[PDB]
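Protein chains in written order, with the deposited numbering: chain A, 834 to 878, 884 to 916, 934 to 980; chain B, 1 to 114; chain C, 99 to 132; chain D, 3 to 265; chain E, 1 to 65; chain F, 28 to 70.
Just so it is clear, CB atoms sit at the ideal spot from N, CA and C, and this is done for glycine as well.
Since the structure comes first, as structure tokens, the remarks are kept for the end.
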Amino acid sequence: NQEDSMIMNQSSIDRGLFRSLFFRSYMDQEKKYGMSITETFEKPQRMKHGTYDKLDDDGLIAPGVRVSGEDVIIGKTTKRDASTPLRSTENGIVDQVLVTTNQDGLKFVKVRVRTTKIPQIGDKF
Amino acid sequence: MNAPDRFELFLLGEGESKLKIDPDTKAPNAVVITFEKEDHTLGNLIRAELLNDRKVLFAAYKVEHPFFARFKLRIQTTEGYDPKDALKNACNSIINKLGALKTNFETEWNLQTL
Amino acid sequence: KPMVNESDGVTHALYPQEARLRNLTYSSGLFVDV
Amino acid sequence: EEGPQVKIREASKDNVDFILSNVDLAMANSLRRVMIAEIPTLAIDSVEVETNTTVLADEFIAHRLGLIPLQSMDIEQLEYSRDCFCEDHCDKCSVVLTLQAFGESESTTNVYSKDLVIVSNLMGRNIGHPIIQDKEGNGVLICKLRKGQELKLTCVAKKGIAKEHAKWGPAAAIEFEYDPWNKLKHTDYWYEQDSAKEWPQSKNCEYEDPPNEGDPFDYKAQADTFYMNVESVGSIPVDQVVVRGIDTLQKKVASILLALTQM
Amino acid sequence: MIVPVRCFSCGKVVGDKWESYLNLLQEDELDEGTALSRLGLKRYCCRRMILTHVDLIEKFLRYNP
Amino acid sequence: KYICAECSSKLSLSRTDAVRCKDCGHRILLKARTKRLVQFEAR
Ligand SMILES: [Zn+2]
Ligand SMILES: [Zn+2]
Ligand SMILES: [Zn+2]
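Rendered as structure tokens:
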């Protein structure tokens with residue numbers, strides 16, 4: 834606890850003390866391109887260097903699915936890829952996926968990924 | 001992240017012997033036993049029941065670092081008197097002390113009822 | 099009162115949460131007599 | 003009577019007071035520590051969630067299920083999941099629990115400790131039972147459902163100690179005290195006027211006789227008679243909390259002999 | 001956010017005493033500290049465990065799916 | 028597959044079929060858990 838840092842009771846953390854929830858909200862949409870040619874969400878056949891497998895064939899991950907590193911939480915096509940990989944720095948659990956359309960009618964996607972943060976040696980209080 | 005899996009506080013690894021005897025080169029007839037996967041639960045207990053050993057000279061222990069569940073125990077005894085035995089004579093003294101507590105609590109306990 | 103005009107469907111009963119999730123503007127409307 | 007003596011002051015299903023006559027403090031403390039952390043106990047460890055539509059996230063409900071107490075009287079006859087030989091778990095190291103919850107009532111529907119049923123074989127040993135000390139016999143409140151929420155999960159309990167995680171902590175709080183009249187000078191009291199008047203005499207003060215001012219402090223006095231009181235969350239009764247505390251510390255000092263003769 | 005199963009600094013179980021503590025003041029209409037005291041919470045870490053907690057789940061289950 | 032908020036019904040259609048709700052009239056649309064029983068530690 835020296836120099837204005839502190840000692841945390843791990844027993845009390847295990848019992849839940851200062852356990853945080855965390856959320857992230859990746860977004861993407863099907864872009865419209867002049868001659869009505871538009872993008873599309875889907876598992877493709884260029885590709886990103888991460889694990890597409892956790893995707894579905896609608897280019898999405900369904901909630902309640904663990905995810906790590908550069909996994910794909912959103913597959914898209916402009934073959935010609937525009938898939939959205941997970942934050943290279945987070946290891947979460949998919950929470951809730953949303954699909955609606957724009958004021959242009961574009962297929963609009965928002966993935967939410969959930970993690971519980973746990974008071975670690977180095978955390979600020 | 002970089003946190004060790006909780007169980008490494010008591011579960012030994014590949015080849016790690018719970019105890020490791022090394023000879024204190026500094027002072028003769030002395031040894032330093034590296035207790036793996038233990039703490040002041042055992043550390044302070046064994047040191048104290050060693051101090052009572054009449055033929056025992058030195059008895060101390062330091063938890064090298066709070067991260068790593070392990071402590072060194074240094075023991076010195078009168079000439080010839082093997083310190084490894086001084087640890088055995090101290091250990092059984094603890095267990096025999098403990099065992100009597102259990103039976104003295106169990107009987108005292110078996111009486112009262114509220 | 100704030101509505102949004104989307105591609106087909108025209109008058110959408112636009113609410114805050116609606117536009118918040120759907121990523122639209124909470125835009126009312128301007129009309130005046132010339 | 004045989005050396006380290008005892009004397010029970012009070013005792014109940016939760017708390018248990020007792021005095022330890024003629025015992026080494028460095029030992030008694032080491033028992034307090036063992037009681038806290040290193041006593042075996044059961045609790046949930048893996049929660050497979052089939053469907054959760056609650057306002058509480060998955061692992062948030064998970065986090066607690068383990069925190070919930072489970073029966074553990076006859077825990078010594080359930081091997082550590084890691085020590086057994088089965089792929090994953092089984093009946094000789096795990097106690098499968100199921101918790102199905104649908105809220106029909108428009109009035110909010112509570113999910114409790116009672117509401118979990120065991121979908122494994124117990125083999126006629128006390129284990130896995132959600133310890134319910136409740137007034138209305140309902141147990142620990144895990145969740146709350148509305149008019150159509152749902153919750154389908156499956157908990158696999160395992161043997162464990164508070165060291166791995168304090169949800170296997172069979173003890174609650176361990177009241178520790180000795181030498182109520184600071185005769186041994188083990189603490190230099192703090193005051194701006196009077197040390198005695200500013201610090202209240204402890205409860206365990208009538209048991210040791212006061213210091214008698216006109217006296218010369220005897221260095222030769224040592225720590226003796228320790229005023230304790232151990233509480234049980236439930237997992238193990240307050241006798242075994244101290245009995246297995248005494249008894250699993252035994253095994254510690256004894257396994258030190260086990261490897262002592264291997265050298 | 002719902003009753004914390006087991007007190008942080010004790011281990012004392014306090015996840016069961018919510019709707020008991022709560023009804024010790026709605027029904028019996030007692031002093032909060034005297035209710036905590038009657039629910040068996042001598043050590044103040046437990047006292048704060050219930051006293052400071054706000055049961056926000058109730059304001060959660062107000063939405064639809 | 029997909030869902031909705033205001034109606035809280037199990038719409039659940041397939042792909043490319045007019046992103047809209049069954050009766051409702053607003054494009055909410057969730058996604059629903061995979062039947063994949065996900066595991067969790069009890070800490
Ligand atoms: Zn097994
Ligand atoms: Zn407490
Ligand atoms: Zn709908």
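So, does the CB of residue i fall closer than 7 Å to a CB anywhere in chain D?
{"i": "A:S844", "result": "yes"}
{"i": "E:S37", "result": "no"}
{"i": "B:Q112", "result": "yes"}
{"i": "F:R63", "result": "no"}
{"i": "B:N44", "result": "yes"}
{"i": "F:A32", "result": "no"}
Tell me the DSSP bridge mates of residue i?
{"i": "D:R35", "result": "Beta-bridge pairing links D:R35 to no other residue."}
{"i": "D:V119", "result": "D:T100"}
{"i": "F:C31", "result": "The partner list for F:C31 (beta bridge, DSSP) is empty, contrary to what the question assumes."}
{"i": "D:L22", "result": "D:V8 and D:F228"}
{"i": "C:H110", "result": "C:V102"}
{"i": "D:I46", "result": "D:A159"}
{"i": "A:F855", "result": "A:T970"}
{"i": "A:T955", "result": "A:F963"}
{"i": "D:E177", "result": "D:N231"}
{"i": "D:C145", "result": "D:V113"}
{"i": "A:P940", "result": "A:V910"}
{"i": "A:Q862", "result": "A:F963"}
Smallest Cα separation from residue i: which of the options?
{"i": "E:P4", "options": "D:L69, D:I38 and D:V97", "result": "D:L69"}
{"i": "D:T110", "options": "D:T56, D:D136, D:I248 and D:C92", "result": "D:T56"}
{"i": "A:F856", "options": "A:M841, A:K965, A:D978 and A:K979", "result": "A:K965"}
{"i": "E:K12", "options": "D:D60, D:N17 and D:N112", "result": "D:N17"}
{"i": "D:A39", "options": "A:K962, A:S845 and A:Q951", "result": "A:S845"}
{"i": "A:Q951", "options": "A:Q843, A:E836 and A:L898", "result": "A:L898"}
{"i": "D:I129", "options": "D:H91, D:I77 and D:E3", "result": "D:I77"}
{"i": "E:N64", "options": "D:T189, D:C145 and D:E108", "result": "D:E108"}
{"i": "D:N214", "options": "D:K185, D:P71, D:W192 and D:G126", "result": "D:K185"}
{"i": "D:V119", "options": "D:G139, D:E138, D:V97 and D:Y180", "result": "D:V97"}
{"i": "B:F10", "options": "B:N2, B:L19 and B:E36", "result": "B:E36"}
{"i": "B:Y61", "options": "B:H40, B:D53 and B:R54", "result": "B:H40"}
{"i": "B:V56", "options": "B:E106, B:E64 and B:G80", "result": "B:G80"}
{"i": "D:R127", "options": "D:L147, D:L72 and D:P6", "result": "D:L72"}
{"i": "A:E872", "options": "A:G888, A:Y890, A:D896 and A:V949", "result": "A:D896"}
{"i": "B:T103", "options": "D:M265, D:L260, D:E179 and D:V244", "result": "D:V244"}
Does the beta carbon of residue i come closer than 7 Å to any beta carbon on chain C?
{"i": "A:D950", "result": "no"}
{"i": "A:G960", "result": "yes"}
Taking 7 Å as the CB-CB cut-off, is residue i touching chain A?
{"i": "D:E61", "result": "yes"}
{"i": "E:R6", "result": "yes"}
{"i": "F:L40", "result": "no"}
{"i": "F:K58", "result": "yes"}
With a threshold of 7 Å between beta-carbons, can residue i be considered close to chain F, or not?
{"i": "D:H91", "result": "no"}
{"i": "D:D47", "result": "yes"}
{"i": "A:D978", "result": "no"}
{"i": "E:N64", "result": "yes"}
{"i": "A:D861", "result": "no"}
{"i": "A:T955", "result": "yes"}
Measure from the C-beta of residue i to each C-beta in chain B and report whether the shortest distance is under 7 Å.
{"i": "D:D26", "result": "yes"}
{"i": "D:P6", "result": "yes"}
Within the 7 Å Cβ cut-off, does residue i reach chain E?
{"i": "D:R35", "result": "no"}
{"i": "A:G902", "result": "no"}
{"i": "D:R127", "result": "no"}
{"i": "A:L893", "result": "no"}
{"i": "D:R11", "result": "no"}
{"i": "A:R848", "result": "yes"}
Practice task
Give me every residue whose Cβ sits closer than 6 Å to any heavy atom of ligand 5, in chain order.
Solution key: No copy of ligand 5 occurs in the structure displayed; its ligands are ligand 1, ligand 2 and ligand 3 alone.
Practice task
Report yes or no: do the region 841-852 of chain A and the region 966-975 of chain A share at least 3 C-beta pairs separated by less than 8 Å?
Solution key: Enough Cβ pairs lie closer than 8 Å, so yes.
Handout entry: Completely contained beta strand (DSSP E) runs for the region 197-244 of chain D, where each covers 3 or more residues
Key = Entirely contained in the region 197-244 of chain D, the beta strand (DSSP E) runs reaching 3 residues are, in chain order, 228-234.
Problem - Complete runs of the beta strand (DSSP E) confined to the region 10-89 of chain B [at least 3 residues] - result: Here the runs fully enclosed are 21-23, 30-36, 56-62 and 70-77.
Practice task
Assess, as a yes-or-no matter, whether the region 73-92 of chain B is touched by the region 15-34 of chain B under the definition of 3 or more beta carbon pairs within less than 8 Å.
Solution key: In this structure the region 15-34 of chain B lies against the region 73-92 of chain B, because at least three pairs of beta carbons, one per stretch, are closer than 8 Å.
Problem - contact_flag[the region 946-962 of chain A, the region 115-122 of chain C] where n(CB pairs < 8 Å) is 3 or more - result: Because the criterion of three Cβ pairs below 8 Å is met, the region 946-962 of chain A and the region 115-122 of chain C touch.
Problem - Inter-stretch contact (C-beta, 8 Å, three-pair minimum) for the region 240-252 of chain D and the region 27-37 of chain D - result: Judged by Cβ distances under 8 Å, the region 240-252 of chain D makes contact with the region 27-37 of chain D, as three or more pairs qualify.
Exercise for the section: Specify whether the region 170-184 of chain D and the region 202-213 of chain D touch according to this definition: at least 3 beta carbon pairs, one from each stretch, less than 8 Å apart. Expected result: Flag = yes, the region 170-184 of chain D and the region 202-213 of chain D touch.
Problem - Touching by the beta-carbon criterion (3+ pairs, under 8 Å), the region 167-182 of chain D and the region 231-242 of chain D - result: With a cut-off of 8 Å, the region 231-242 of chain D and the region 167-182 of chain D count as touching, because enough Cβ pairs lie within range.
Exercise for the section: Take every Cβ of the region 88-106 of chain D, pair it with every Cβ of the region 148-162 of chain D, and state whether three or more of those distances are shorter than 8 Å. Expected result: The region 88-106 of chain D vs the region 148-162 of chain D: in contact.
Handout entry: Contact list for the region 64-92 of chain D against chain G, Cβ threshold 8 Å
Key = Among the protein chains in the structure shown, which are A, B, C, D, E and F, there is no chain G.
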